[PDB]
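In what follows, a single structure is set out as structure tokens and then discussed.
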Number of protein chains: 4
Amino acid sequence: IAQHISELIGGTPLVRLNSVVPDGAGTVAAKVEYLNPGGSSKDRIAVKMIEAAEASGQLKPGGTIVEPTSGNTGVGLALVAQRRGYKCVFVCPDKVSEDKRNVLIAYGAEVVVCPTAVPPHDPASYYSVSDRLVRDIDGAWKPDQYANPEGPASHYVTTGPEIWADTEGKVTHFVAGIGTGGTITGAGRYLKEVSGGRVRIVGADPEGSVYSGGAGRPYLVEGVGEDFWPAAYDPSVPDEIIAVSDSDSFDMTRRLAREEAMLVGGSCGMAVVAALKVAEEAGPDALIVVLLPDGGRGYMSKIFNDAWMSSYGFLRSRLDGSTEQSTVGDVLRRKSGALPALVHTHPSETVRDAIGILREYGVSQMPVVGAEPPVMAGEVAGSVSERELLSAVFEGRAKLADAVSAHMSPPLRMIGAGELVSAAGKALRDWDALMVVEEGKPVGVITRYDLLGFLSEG
Amino acid sequence: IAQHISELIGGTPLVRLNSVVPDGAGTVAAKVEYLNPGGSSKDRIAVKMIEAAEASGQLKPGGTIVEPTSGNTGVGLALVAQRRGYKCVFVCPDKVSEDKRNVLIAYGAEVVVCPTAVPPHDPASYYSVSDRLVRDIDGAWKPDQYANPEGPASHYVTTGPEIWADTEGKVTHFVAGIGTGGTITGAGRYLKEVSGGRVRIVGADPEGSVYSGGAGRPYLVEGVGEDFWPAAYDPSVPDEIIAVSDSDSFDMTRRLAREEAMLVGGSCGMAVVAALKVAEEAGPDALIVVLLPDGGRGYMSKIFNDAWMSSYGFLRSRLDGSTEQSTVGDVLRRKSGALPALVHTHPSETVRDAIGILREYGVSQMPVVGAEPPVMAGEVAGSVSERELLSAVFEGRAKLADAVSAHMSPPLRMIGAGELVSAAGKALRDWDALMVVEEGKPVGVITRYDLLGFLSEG
Amino acid sequence: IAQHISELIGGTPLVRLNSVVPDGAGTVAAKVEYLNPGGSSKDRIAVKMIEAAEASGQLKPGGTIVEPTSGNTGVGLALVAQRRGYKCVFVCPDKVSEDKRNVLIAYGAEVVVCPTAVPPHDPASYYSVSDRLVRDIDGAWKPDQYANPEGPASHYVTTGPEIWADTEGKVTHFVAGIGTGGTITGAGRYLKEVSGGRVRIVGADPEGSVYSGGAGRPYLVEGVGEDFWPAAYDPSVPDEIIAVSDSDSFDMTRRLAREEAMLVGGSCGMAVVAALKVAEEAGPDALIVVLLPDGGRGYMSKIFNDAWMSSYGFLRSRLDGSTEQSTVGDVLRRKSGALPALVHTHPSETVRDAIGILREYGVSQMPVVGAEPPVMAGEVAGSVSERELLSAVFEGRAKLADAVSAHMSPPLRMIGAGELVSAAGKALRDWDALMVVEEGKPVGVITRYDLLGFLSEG
Amino acid sequence: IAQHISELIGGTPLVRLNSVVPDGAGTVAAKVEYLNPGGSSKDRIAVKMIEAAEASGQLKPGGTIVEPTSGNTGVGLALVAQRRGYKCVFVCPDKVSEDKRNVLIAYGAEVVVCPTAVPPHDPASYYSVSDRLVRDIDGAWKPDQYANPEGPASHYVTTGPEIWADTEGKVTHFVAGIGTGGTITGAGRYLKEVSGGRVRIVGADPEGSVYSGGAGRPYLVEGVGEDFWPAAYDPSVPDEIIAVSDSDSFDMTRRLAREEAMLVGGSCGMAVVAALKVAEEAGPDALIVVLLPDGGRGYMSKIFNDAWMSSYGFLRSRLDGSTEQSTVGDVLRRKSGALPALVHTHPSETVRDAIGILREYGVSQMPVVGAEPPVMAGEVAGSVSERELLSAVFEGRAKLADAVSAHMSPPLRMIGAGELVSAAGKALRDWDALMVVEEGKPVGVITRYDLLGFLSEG
Ligand SMILES: *Cc1c(COP(=O)(O)O)cnc(C)c1O
Ligand SMILES: *Cc1c(COP(=O)(O)O)cnc(C)c1O
Ligand SMILES: *Cc1c(COP(=O)(O)O)cnc(C)c1O
Ligand SMILES: *Cc1c(COP(=O)(O)O)cnc(C)c1O
């Protein structure tokens with residue numbers, strides 16, 4: 001009978017992947033690490049760190065833990081400091097969703113939010129505010145997960161021995177996502193100390209990060225990636241930092257959850273792809289132990305959601321099956337399959353009236369058609385674009401009252417209404433917008449803004 | 001005691017204008033013609049026309065009058081055919097407002113509406129439908145106010161004699177708006193028959209019409225103007241067709257109502273301006289009798305409304321007084337003086353997120369500013385325009401996930417917030433949109449579309 | 001050649017009504033008075049009043065005319081003071097529409113608006129503000145159309161003589177709307193002075209006014225009616241104040257415009273109905289000269305509009321023809337003939353969920369039906385009314401989580417969907433709302449609020 | 001090195017609760033069961049069931065698994081049938097959220113949704129559709145988790161032995177949530193077979209279910225509860241079914257996650273409360289092993305969300321701290337702290353106009369105040385309620401045109417604007433709505449519907 005829930009942190013199993021790695025390649029054992037009571041791998045470091053603050057006497061009993069959290073370290077820190085009874089207060093960037101910090105609260109942590117995207121060194125970003133809280137509050141102890149030797153030491157104590165024992169001293173490689181830099185350092189250091197120099201440590205890094213040799217970048221895979229060299233990552237340990245893209249990592253995570261029964265996150269997919277790559281230059285008899293460090297339940301609406309995964313130019317395929325059943329006509333069915341009367345103007349109306357219709361119906365383009373009856377057979381006289389009108393009106397090139405026929409641009413190209421949205425993207429790749437001619441007659445205009453707004457919701 | 005209300009049609013007074021004509025010029029007598037019981041001058045022709053259908057036996061008792069109406073001829077035709085008891089049915093273009101045809105109904109006329117802007121010779125325009133009604137109904141009699149000699153004959157009988165008698169055979173000129181062509185023909189013909197060739201007939205025509213020698217045009221002044229030669233306008237009568245613009249005619253109508261106590265319409269202002277012009281080449285001792293043919297009560301929301309009169313690039317000044325106490329900041333106060341926190345993005349957000357904010361807030365431009373706190377002192381890093389983004393995203397020049405800082409355009413110019421809207425127009429005459437820096441900090445972006453949308457409502 | 005437009009004020013014709021008065025009754029001559037250049041009868045008094053201010057020296061040249069206007073007196077005052085050149089400034093209640101005061105401005109009058117419905121004797125109503133303007137401005141002259149003897153004197157001079165001459169001293173009665181009290185006083189006084197006591201003066205008054213013996217009332221017919229005794233109405237003149245209702249006056253105005261070719265207003269209809277009534281107790285050989293004092297062009301959207309005329313429980317019939325073609329189902333077609341899915345709940349859902357659906361869809365009643373498929377054949381289990389739920393929830397009689405089946409009221413009655421809206425009114429006269437069963441299945445619920453909201457727009 | 005991820009299902013730890021159980025009571029060991037690879041306890045049964053279909057030859061290789069899922073059994077069934085390679089297809093009620101079935105898909109399961117709340121025995125509910133799928137598809141095998149002996153047998157094999165071994169044959173009681181009825185049956189049967197009759201099995205059941213002796217009820221705690229007797233629950237095993245309410249279970253779950261570092265669900269809280277209750281009649285030396293069967297990550301927005309937890313009359317306190325900082329005035333700040341103003345009417349306006357304002361502003365009550373200036377000092381003349389008006393208007397008791405002062409109800413009571421929302425609830429408990437008098441003047445009316453709409457969002 002365990003004494004607290006934070007005593008079961010460790011000894012996580014070591015299962016193997018048998019359907020993602022190709023045939024004729026070494027063994028890939030994925031050290032599933034989302035079975036910890038805290039949900040992620042960060043629990044390991046958490047425990048160790050707290051222990052230090054009790055041995056070094058640097059965290060007097062009843063003191064408060066202050067920390068600029070990421071979302072996973074907070075979970076473990078709360079889960080443990082709640083056993084000891086230390087009040088915990090985080091300072092989180094508003095970039096974190098409501099569910100994540102709601103969990104962070106449910107564990108008994110006080111989360112004070114501050115704006116984001118501001119420079120880290122100014123009073124707005126959460127680093128300076130965390131320092132200010134450290135000053136004001138008494139008995140504060142900023143664990144500083146980025147420059148804390150205990151971080152990597154904890155993995156050196158209780159992540160290498162598991163890797164070395166579950167395989168019986170037979171592990172050719174050890175690939176692991178390198179984020180803030182504790183898992184690879186504290187694990188590879190021990191794997192090398194206990195195997196001479198046999199097991200070559202490899203570290204996967206999101207494409208275009210500091211470790212991978214590139215410059216900064218906006219990062220999507222939560223966890224891995226950095227813009228500076230953490231004080232707790234000795235760059236001498238890893239032997240090959242194999243960088244991997246973002247689309248590849250997300251697709252690998254999805255395919256892993258679908259073909260191996262593991263709900264791993266983004267960094268997990270990145271690590272698995274880095275492995276499956278390194279597992280080629282190591283022929284048969286190779287044993288690559290990847291470190292899947294998260295559980296893919298928090299991302300359930302972030303990378304398993306075809307909508308989000310499609311907004312960021314991603315989503316090779318859909319989770320359930322067939323690819324693109326929706327056709328361009330459905331882009332027009334925002335009113336529940338209710339293609340409204342083709343907002344149209346005639347070669348005799350007034351430029352002011354054309355601008356009026358454009359403003360009143362929200363649309364930004366309209367085919368001037370020679371018959372108010374919306375039944376024209378592809379013989380629309382021209383096209384009027386609100387931008388072009390406003391330009392010709394504010395540059396004296398067209399009086400407000402002038403007839404529209406003297407300032408209308410050439411007609412805009414046409415695409416069928418029963419054609420797939422991928423074809424619509426391919427087409428709009430070259431023009432600004434185009435009218436959908438549904439069995440002879442036009443029924444509206446699909447435009448870049450509208451297509452890219454539809455992709456991001458359905 | 002008159003027998004019917006349609007017996008008082010005629011003998012309308014002849015008042016003179018004494019504040020619009022400059023000093024040192026002849027006398028200008030304006031034959032106010034909106035005192036007829038039917039409201040306009042068309043009553044004259046109406047009566048005559050009906051009489052013909054009773055003498056020529058071409059309108060059997062109990063028959064129906066069918067006519068593609070304009071709005072004034074309908075009033076007189078109803079007012080008279082209601083005395084005789086003839087059912088009247090009009091076919092009106094939807095271009096006519098609700099008040100006009102509502103009046104046309106209140107007199108007991110049946111108005112059947114058809115779409116407009118369609119060619120006159122097709123089954124959609126009201127000419128063909130009027131002919132179809134003439135066929136179907138029995139005893140129909142299409143008066144055809146455009147090719148009816150009785151039209152001009154009525155003015156020859158009861159509009160020249162009034163002009164010739166109220167002035168005692170002393171009239172140098174007779175200027176009159178020339179629309180469908182009865183008032184000038186039937187009046188000048190008599191003025192010449194009874195004065196040899198002394199009184200030189202002049203006819204005003206809206207700028208760019210058939211009579212003025214130009215080609216077709218979208219017409220705003222209701223009444224005057226045409227696109228073809230009516231069969232009832234003998235072009236030999238008028239001696240000088242002095243064409244006048246639209247802004248000039250509207251301004252003259254407004255100034256006439258303000259400085260002469262006459263609520264005349266648009267054609268009235270056109271005729272008065274044509275007079276005031278011809279009254280220069282006729283030195284002292286000239287007596288120009290203009291024919292103001294309408295009453296400016298129907299246009300009360302069409303040319304006396306600063307909003308409408310400003311949408312069509314018009315409105316030199318406002319009715320009441322000072323010019324432009326508008327200011328550009330008020331363009332931002334669409335939420336009741338509630339500047340909207342300035343939608344912005346930062347040099348680190350994702351292109352997808354910038355497009356997201358643009359779509360979500362409706363705005364089409366946004367300043368990328370290096371601090372989420374909306375307090376920047378004119379040091380915004382750049383500007384992002386939804387069009388430019390969507391272009392760089394659908395042309396492969398920018399991944400959806402790429403940082404915005406790599407695809408942001410140069411900053412957009414600035415204008416004060418306490419500056420008049422005329423200055424805003426002068427500025428936007430050269431750029432696409434500009435941010436209003438209100439005492440150091442920016443508070444939004446005013447754009448061509450927004451300014452031209454505000455002018456048309458306030 | 002008149003010298004100014006305000007010289008033609010007077011001598012308005014005297015036409016007779018020959019289709020509204022029944023058979024076997026005296027002659028009814030309606031002194032049409034909307035042919036004055038200013039549009040209404042008030043011009044008469046206006047002229048006279050101004051003359052006084054010039055003879056009595058009480059209005060020094062260049063002085064300003066201040067007046068709490070009604071809408072017609074302003075027109076005449078502007079039309080004349082613009083001839084003299086006196087700056088005119090009105091103070092109008094916000095109850096006046098935009099078109100009326102827009103006209104009042106177009107004539108060159110400065111209209112300063114103040115809130116309405118406030119007591120007349122306080123600084124908010126326009127009487128006190130008019131007095132304040134009289135104090136501040138110099139040379140001000142508040143004509144005070146309510147306590148000015150010149151008002152009735154003007155009609156005594158130039159409205160009785162016309163009535164007495166156009167009929168050749170043969171007029172049995174003279175009925176005229178009695179509003180502020182000048183037309184009846186100044187006309188009947190002369191008719192009696194010049195006919196001994198023969199011509200019995202009659203005065204029509206809106207039902208429930210001071211003159212008719214009743215108490216105050218909210219007045220709709222613009223003009224006639226008062227809440228106090230004006231200082232310029234000698235109650236000894238009129239011999240019978242025959243009060244008339246509002247619906248009767250509006251219907252008489254409409255029928256007059258349709259069967260006599262006169263666009264008279266509301267007071268005109270009231271006067272005509274009062275006449276047609278008095279013309280019964282005066283057998284053959286009676287000559288009743290009604291005084292139609294307004295022109296029905298300003299009300300074109302106030303009493304000739306079936307929408308407005310129907311909101312105030314009016315509108316016996318429609319202007320054009322057949323009565324009530326719209327059927328109850330069209331009340332549901334607010335989404336363009338798009339029945340809204342029939343928001344429903346089931347006997348197992350939670351009271352919280354029922355309140356949720358009610359709030360989310362705006363509706364206030366919903367039939368609990370035993371099958372989510374909206375195809376039930378009139379076997380809906382019950383009805384839930386948001387009010388009843390909220391009551392049973394805030395009075396502890398139903399937990400938020402309790403099943404709805406324990407707090408649902410009896411079903412609400414049903415009416416067909418192809419039945420006329422008049423039937424719907426007759427039905428809702430007894431219940432709170434009822435579901436429209438369209439050929440077996442229900443398709444929604446029409447409610448008092450919805451029906452009375454539809455009547456007021458279509 | 002495990003062979004598949006579904007080999008680690010079992011041997012879940014047995015941690016003890018040391019802060020929720022009061023002092024002077026036996027030991028409470030909570031067999032945390034959310035550490036299974038599939039997330040919940042259902043994995044156990046899942047494995048066993050699949051094994052049967054392979055030994056009994058009742059699931060031919062390549063066959064499809066059809067099952068009307070709940071949300072947890074689906075996870076385990078997918079996780080295992082994906083190891084064997086059996087296509088899995090679920091039929092889920094639309095009551096399940098998007099995240100749950102999205103997870104269910106990510107594992108490679110085909111989820112076909114059908115409407116809910118329909119009777120289970122009809123073709124609309126998912127039972128009949130599941131049977132239809134069993135018929136159509138080939139090799140189908142409906143596991144039927146409700147009438148499958150293997151269900152309870154699996155817990156008999158691998159849930160009792162763990163309970164009996166982790167405690168060394170020393171367990172006085174075994175309390176466990178009783179839902180579909182496998183955990184208590186298959187565990188208590190073994191605990192009794194191996195301990196004579198010592199360990200008294202107890203089973204917690206949501207208040208008002210079949211097992212607890214009550215009738216049906218709408219159930220909120222996902223999992224536990226039933227409306228019929230499952231064919232796989234032998235009611236002879238449990239010795240005391242201690243029923244527990246819903247609010248109690250949710251509060252216990254929240255307090256457990258906050259004071260024991262366990263994110264358990266709803267059934268977990270119910271089981272823990274049932275334990276903490278039974279642990280009173282068992283003095284010192286008692287060892288109650290509760291069975292927490294779920295992980296509280298899916299409910300993160302269902303019971304840890306103060307909004308949802310407050311809509312269903314719940315939420316004793318908030319997760320973070322102080323109770324009700326929001327005051328009634330904030331209920332009015334739906335427009336971002338911008339009380340619209342104070343829609344009002346005056347004792348002279350028309351009933352039609354009062355109904356008009358009510359309809360136009362959405363509000364359902366309005367104080368008739370004797371001064372349009374919204375500055376009245378608590379001297380509002382009356383109150384008008386749209387319902388009352390519409391009633392008095394459709395029952396002939398008030399003409400549309402009648403003055404409002406004759407049909408206005410007594411004023412509605414007042415409450416301060418800086419008072420807490422709990423006070424507002426206490427007040428509205430007795431009236432229909434009340435106006436908030438903010439430092440003397442009124443600033444609006446808060447109504448039951450508005451308060452209960454605000455509670456459900458903030
Ligand atoms: C913490 C974390 C990692 C590993 O970070 P380290 O650099 O090893 O400390 C990987 N993925 C995710 C999602 C993480 O949160
Ligand atoms: C009819 C009309 C005229 C005169 O038209 P004619 O060509 O003389 O028949 C001028 N102005 C308006 C507004 C008219 O309606
Ligand atoms: C002024 C007016 C009257 C007549 O008012 P008096 O009391 O005669 O001065 C009648 N109807 C209307 C619409 C009016 O404006
Ligand atoms: C399955 C389940 C249980 C236990 O159900 P049994 O009746 O033991 O089969 C308890 N809680 C939840 C949330 C469950 O899903």
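Just remember, in the structure tokens the first chain shown is A, the second B, etc., residues are 1-based per chain, and ligands are 1-based in the order shown.
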
For region 147-158 of chain D, list every protein, DNA or RNA residue within 8 Å, evaluated using only C-alpha atoms, and leave out those in the same chain fewer than 2 positions away; present the list as a PDB file with C-alpha atoms, in the first residue's frame.
ATOM      1  CA  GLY D  10      -3.495  -4.899 -14.588  1.00  0.00           C
ATOM      2  CA  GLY D  11      -1.650  -4.831 -11.300  1.00  0.00           C
ATOM      3  CA  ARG D  44      -9.678  -5.424 -17.445  1.00  0.00           C
ATOM      4  CA  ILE D  45     -13.031  -6.709 -18.692  1.00  0.00           C
ATOM      5  CA  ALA D  46     -12.144  -5.763 -22.265  1.00  0.00           C
ATOM      6  CA  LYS D  48     -11.046 -10.979 -20.867  1.00  0.00           C
ATOM      7  CA  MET D  49     -13.999 -10.532 -23.206  1.00  0.00           C
ATOM      8  CA  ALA D  52     -13.402 -15.477 -24.920  1.00  0.00           C
ATOM      9  CA  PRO D 143     -19.783  -8.233 -26.720  1.00  0.00           C
ATOM     10  CA  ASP D 144     -22.885  -7.083 -24.807  1.00  0.00           C
ATOM     11  CA  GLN D 145     -21.058  -5.800 -21.745  1.00  0.00           C
ATOM     12  CA  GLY D 160      -9.819  -9.594  -6.268  1.00  0.00           C
ATOM     13  CA  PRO D 161      -6.380 -11.203  -6.183  1.00  0.00           C
ATOM     14  CA  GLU D 162      -4.755  -7.763  -6.392  1.00  0.00           C
ATOM     15  CA  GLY D 181     -22.486  -4.449 -12.265  1.00  0.00           C
ATOM     16  CA  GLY D 182     -19.195  -6.187 -12.776  1.00  0.00           C
ATOM     17  CA  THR D 183     -16.697  -4.622 -10.359  1.00  0.00           C
ATOM     18  CA  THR D 185     -19.845  -8.790  -8.221  1.00  0.00           C
ATOM     19  CA  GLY D 186     -16.601 -10.236  -9.562  1.00  0.00           C
ATOM     20  CA  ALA D 187     -14.563  -8.714  -6.737  1.00  0.00           C
ATOM     21  CA  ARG D 189     -17.485 -12.927  -4.829  1.00  0.00           C
ATOM     22  CA  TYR D 190     -13.763 -13.699  -4.639  1.00  0.00           C
ATOM     23  CA  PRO D 230     -28.364  -6.006 -15.841  1.00  0.00           C
ATOM     24  CA  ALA D 231     -28.184  -9.701 -16.598  1.00  0.00           C
ATOM     25  CA  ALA D 232     -24.635  -9.727 -15.166  1.00  0.00           C
TER      26      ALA D 232
END

TODO: Just list the residues in region 395-443 of chain B DSSP gives strand (DSSP E) on the backbone, as a VMD selection string.
DONE: chain B and resid 414 to 415 433 to 438 441 to 443

Open item on the list: If the limit is 7 Å from any atom of ligand 4, counting only C-alpha atoms and all ligand atoms, which residues qualify? Return them as number ranges by chain.
Closed with: D: 41-42, 72, 177-184, 222-224, 265-268, 293-294

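Proximity of D:361, D:326, D:340, D:437 to chain B, computed with only C-alpha atoms, is greatest for D:340.
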
Open item on the list: as an MDAnalysis selection string, please: every residue in region 16-176 of chain A that a backbone DSSP assignment puts in helix (DSSP H, G or I).
Closed with: chainID A and resid 42:55 73:84 98:106 126:136 150:158 160:166
